[PDB]
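A lone chain, given as structure tokens: the form deposited in one PDB entry.
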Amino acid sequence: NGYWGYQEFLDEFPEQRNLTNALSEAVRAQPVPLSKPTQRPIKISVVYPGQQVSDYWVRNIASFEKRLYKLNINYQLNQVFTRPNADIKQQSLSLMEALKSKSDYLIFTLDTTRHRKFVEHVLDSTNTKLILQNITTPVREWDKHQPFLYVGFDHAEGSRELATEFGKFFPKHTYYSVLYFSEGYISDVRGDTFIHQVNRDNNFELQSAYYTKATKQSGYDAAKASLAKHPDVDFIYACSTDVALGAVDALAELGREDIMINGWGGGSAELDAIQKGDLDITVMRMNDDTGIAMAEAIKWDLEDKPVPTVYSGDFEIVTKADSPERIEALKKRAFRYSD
């Protein structure tokens, strides 16, 4: 709460549903280069998390850049990567550092339930247009001055999808445990969604839930702790890729192939795990649509057209039973720009 649902926000503001639908159609269709020429190259700053097992951020940037080049948009890209185990203070520092640069657009990610007012205050203190990655639920407080774009793949949707699938894999009252992200927005929107739906619809019983540092090692450690205290579960729900892959390592170590485990995002490492059989299911992002959306949103802004506040991309479900052909087809769709 303090957030709009994606679909709810689109229901409340039809103009926005039009703008977002239009953007989706623009993403789907062939590049249509910049109508109105620019005065000079546009300056773009990026603050993203580096050194993760998840390829989402790097792929995102790659697709963004490809699409910019095809729209004949002339840009300069200053990329900053935050070291892992980087505090939120450290992230905020990287962020101010990037604001010094006085760029036209700033693309970044930050926990908005832990640094809500910080971001609200950055918003009110620069002419740089902000794009918030990996969030698709606009903040209610910010009605006076929303950022230029919230962009991502809606966490609650993907979680609902996973919930529905686990509902098919297992009978009512199944015991399970959860591996959250770090405390904050992602855990709330991927984990609690899942727990709520699964409890309400299938009467599953949660045996334990653990926060992580959002790293592979942490998902491994947390899986080990969790199974040490609660060995008897039929599956573990993981809130993210790195945590899932750590947990897979732990499950192999403890010899627990009787436990099911999901991925979250469906990037390359996950798809490999799925094809190996290590990961049982995932919800796959059609990854590149969000890089392209951002490039399309900047075009419109430069052609002086209205830009929607939010854009979410779509998902597919993938299981270890899917054929190589299905997988390759999905990769063809998701990594069309970033390969």
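For every residue, the number given is its place in the sequence shown, counted from 1. So that the term is clear: the rigid core is the largest set of C-alpha atoms that superpose within 1.5 Å between two forms.
Here the subject shifts to the form deposited in another entry, a form of this protein not shown in this document.
Core-based superposition between this form and the one not shown shows that, of 259, 269, 123, 206, only 123 has its Cα displaced by 2 Å or more.
Once both forms are fitted on their rigid core, the CA atom of residue 164 lies less than 2 Å apart between this form and the one not shown.
The rigid-core alignment places the CA of residue 93 2 Å or more apart between this form and the one not shown.
After superposing the rigid core, the Cα of residue 112 is displaced by 2 Å or more between this form and the one not shown. Put simply, residue 191 and residue 85 come closer in the other form: their C-alpha atoms are 3 Å or more nearer than in the form shown.
Relative to this conformation, a decrease of 3 Å or more in the Cα-Cα distance between residue 183 and residue 83 is found in the other form.
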